[PDB]
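Positions are given from 1 along the sequence. These numbers come from the heavy atoms of this one structure, side chains and all, not from hydrogens, waters or symmetry mates.
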Amino acid sequence: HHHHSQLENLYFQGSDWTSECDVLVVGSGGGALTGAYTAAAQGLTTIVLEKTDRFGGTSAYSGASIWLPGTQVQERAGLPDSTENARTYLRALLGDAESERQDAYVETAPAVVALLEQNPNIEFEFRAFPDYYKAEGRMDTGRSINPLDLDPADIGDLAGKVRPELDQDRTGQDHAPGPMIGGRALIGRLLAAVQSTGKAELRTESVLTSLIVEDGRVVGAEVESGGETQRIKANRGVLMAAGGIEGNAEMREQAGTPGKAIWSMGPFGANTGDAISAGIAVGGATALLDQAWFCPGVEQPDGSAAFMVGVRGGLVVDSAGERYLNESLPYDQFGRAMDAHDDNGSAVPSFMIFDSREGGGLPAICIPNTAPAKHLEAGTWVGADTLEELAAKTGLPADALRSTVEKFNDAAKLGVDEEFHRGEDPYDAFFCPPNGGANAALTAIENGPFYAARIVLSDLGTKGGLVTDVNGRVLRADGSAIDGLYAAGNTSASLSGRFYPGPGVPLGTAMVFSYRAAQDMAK
Ligand SMILES: Cc1cc2nc3c(=O)[nH]c(=O)nc-3n(C[C@H](O)[C@H](O)[C@H](O)COP(=O)(O)OP(=O)(O)OC[C@H]3O[C@@H](n4cnc5c(N)ncnc54)[C@H](O)[C@@H]3O)c2cc1C
Ligand SMILES: C[C@]12C=CC(=O)C=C1CC[C@@H]1[C@@H]2CC[C@]2(C)C(=O)CC[C@@H]12
């Protein structure tokens, strides 16, 4: 499947429009469905194309934490925060680079939240999760909001169409027993809201392949559904919110993107840069293709990874058996530090070192969560009764590994880490239950057996793609808009550059620029 552009005139020699809509949405992530809702709610006929047999993509896997600050939702919680406070935080991290999109992000958040909560299927609440950088306007508790838990019965036939959590989806399973939470709830509610409008068609196994141009304007796109090709006309526009290049090893190697397709937490085979490709084919510029939403990943027997988040013990060594980062860093800064320290394989993989404090468990949240016994049969993890035997089994220098652990244990006994300042930040302390020691993030590694887990450079999607303006319009290298073409989420180059400012920025940006694209199409 290549994403070459089809000219209207050339197609007129043979075929014709299968269907017509005002707004064609490609993808069914948080952005896609927010854009679809915005379009359909104000009377525009809308078609949503999902490539796979399940709506939601990585947005479904998410915890549905959303960085939409200064809204009616944080007002109800009485949060000491504002549009201007969130605007300062972004300015302090990102600078003047993309300041117009920074302004539009923070200024439009309130309207996106107000439009969505109006729908009986949608309600959010503030949930504490710290912002990720020391800077003016940081919220030590967070300012991010989450959809309310959703009883799958309230949405009928849509619950079985929603992609399940990673602990189910990569083991051939559907939703696990309780309610829909995190991204399952975000996608269930957005699907039900889009459907409530009576102006939207929701399609599974409908793949975008090529955009249709007349006289340089996008007028529609051919979508493959069940062996047959269809030609869908879009009177107002095509919103492309179909994710990034995360699943395409060839586009990543070409762009110089660190990590690997097989380490991405995107749904296997889903996000293969189809929409970025179709956008370049009609003259769209690209930026930041070497950038991803990075995270450490626990290497799996099958060669894939698990998102390692909320670290609360252990330490991490490079291939010399030495600490080189604060292991408690927010996952994107952790991942960037693995890549920066990588000297042809000294940091990728890294080795997470831990003891039996958690009964053999690795001291973090791993998504998905493979059983220790499985990692040990497979050799992704190794165990031993001594650090000397552990260094032997991993090929780590034994004397260095022993010094590293003895020095980390002295730091745990003292309650400060001289070397990397672990535990001296509200993000670091957030995940840690009280221990009987001075710093909750620093626990002496001394209760046998001892484990070494392989850590790789995973991602939560790439963040490079098509250049967009404040209204989600796709731009050519010259700054001019391609008429009828919008992109959002990881189809579009993030305003965040080399930064992951706080929880919910991927979904928050996606939802705001999808809303703004719909509004621009309404005219
Ligand atoms: C465990 C986990 C937790 C996370 N938690 C959060 C969080 O709380 N908040 C947050 O902001 N971010 C979070 N993230 C990151 C976030 O999920 C993603 O970066 C973000 O959702 C990307 O959304 P998207 O719209 O770019 O892509 P997706 O949500 O993946 O949507 C893309 C969709 O487009 C479809 N598609 C692809 N190609 C085509 C095509 N050719 N035609 C039609 N459809 C196509 C795909 O199948 C997919 O369904 C988390 C990630 C993970 C893995
Ligand atoms: C770190 C995270 C991810 C990316 C992002 O952007 C925002 C968040 C905050 C919410 C957590 C989520 C990851 C998954 C978590 C840990 C859960 O399973 C419950 C709360 C979720």
May I have the list of side-chain donor-acceptor pairs in residues 25-36 shorter than 3.5 Å, sequence neighbours left out?
residue	atom	partner	partner atom	Å
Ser28	OG	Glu50	OE1	2.7
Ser28	OG	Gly56	N	3.0
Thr34	OG1	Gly30	O	2.8

Next item on the list: Indicate yes or no: does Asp332 engage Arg498 in a salt bridge with an N to O separation below 4.0 Å.
Entry: no

Notebook entry, point to check: Judged by modelled atom types alone, do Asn119 and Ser196 share a side-chain donor-acceptor pair under 3.5 Å?
Noted result: yes

Checklist line | Spacing of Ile280 atom CD1 and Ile276 atom CD1 [to the nearest 0.5 Å] | finding: 7.0 Å

Checklist line | Ring-face cation contact, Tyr486 with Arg473, 6.0 Å cut, 45° max | finding: no

Next item on the list: Indicate whether the side chain of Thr272 and that of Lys51 have a donor and an acceptor atom separated by less than 3.5 Å.
Entry: yes

Next item on the list: Apply side-chain contact (heavy atoms from CB on, under 4.5 Å) to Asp131 and list each qualifying residue two or more places apart in sequence or on a separate chain.
Entry: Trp67, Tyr89, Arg138, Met139, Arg143, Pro503

Checklist line | With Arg184 via salt bridge (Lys or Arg N to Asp or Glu O under 4.0 Å) - residues at least two apart | finding: none

Next item on the list: Please examine the side chains of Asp103 and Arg91, heavy atoms only from C-beta on, and report whether any two atoms are closer than 4.5 Å.
Entry: yes

Checklist line | salt bridge (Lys or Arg N to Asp or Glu O under 4.0 Å) against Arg189, all qualifying residues, sequence neighbours excluded | finding: none

Check: Pick one: which of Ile212, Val474, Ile482 meets side chain to side chain contact (heavy atoms under 4.5 Å, CB included) with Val282?
Finding: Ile482

Would you tabulate the side-chain donor-acceptor contacts of residues 232-243 under 3.5 Å, counting partners in other chains and residues two or more places apart, or write 'none'?
residue	atom	partner	partner atom	Å
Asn235	ND2	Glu20	OE2	3.0
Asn235	ND2	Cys21	O	3.3
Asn235	ND2	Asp22	OD1	3.4
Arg236	NH1	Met521	O	2.9
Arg236	NH1	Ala522	O	3.4

Note to self: Holding to side-chain contact (heavy atoms from CB on, under 4.5 Å), I want the full list of residues that pass it with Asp215, two or more places apart in sequence or in another chain.
What the structure shows: none

Item checked: ring pair (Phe, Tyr, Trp, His ring centres under 6.0 Å) pairs, two or more places apart, involving residues 32-57 -> none

Check: By side-chain contact (heavy atoms from CB on, under 4.5 Å), which residues pair with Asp167, not counting sequence neighbours?
Finding: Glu165, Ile367, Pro368, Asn369

Margin query: Is it true that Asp81 and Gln74 share a donor-acceptor pair across their side chains at a distance under 3.5 Å?
Written below: no

Next item on the list: Check the pair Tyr427, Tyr133 against ring pair (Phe, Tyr, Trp, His ring centres under 6.0 Å), reporting the backbone distance first and the verdict last.
Entry: CA-CA 9 Å; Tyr427 180 88; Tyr133 284 87; over 10 Å; no

Next item on the list: Please determine, by modelled atom types, if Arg312 and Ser328 share a side-chain donor-acceptor pair under 3.5 angstrom.
Entry: no

Check: Can you tell which of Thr462, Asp459, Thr257 makes a side chain to side chain donor-acceptor pair (under 3.5 Å) with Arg252?
Finding: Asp459

Considering only distance and modelled atom types, tabulate donor-acceptor pairs under 3.5 Å from the side chains of residues 285-293, sequence neighbours left out.
residue	atom	partner	partner atom	Å
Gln291	OE1	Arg336	NH1	2.8
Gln291	OE1	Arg336	NH2	3.1
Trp293	NE1	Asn490	OD1	2.9

Check: Between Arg163 and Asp169, is there a side-chain N and carboxylate O pair less than 4.0 Å apart?
Finding: yes

Item checked: Residues which pass salt bridge (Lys or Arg N to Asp or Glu O under 4.0 Å) with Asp483, listed by chain and number, not counting sequence neighbours -> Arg217

Checklist line | Those residues that, when tested against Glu100, pass salt bridge (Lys or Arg N to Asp or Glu O under 4.0 Å) (two or more places apart) | finding: none

Note to self: Salt bridge check, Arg76 against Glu117: does any charged N sit closer than 4.0 Å to a carboxylate O?
What the structure shows: yes

Notebook entry, point to check: Is the shortest side-chain N to carboxylate O distance from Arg422 to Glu424 below 4.0 Å?
Noted result: no

Next item on the list: I would like to know whether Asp469 and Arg516 meet salt bridge (charged side-chain N to carboxylate O under 4.0 Å, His left out); could you show each step before the answer?
Entry: CA-CA 10 Å; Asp469 70 6; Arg516 293 192 59 86; over 6 Å; no

Item checked: ring pair (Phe, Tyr, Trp, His ring centres under 6.0 Å) partners of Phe430, counting only residues at least two apart -> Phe129

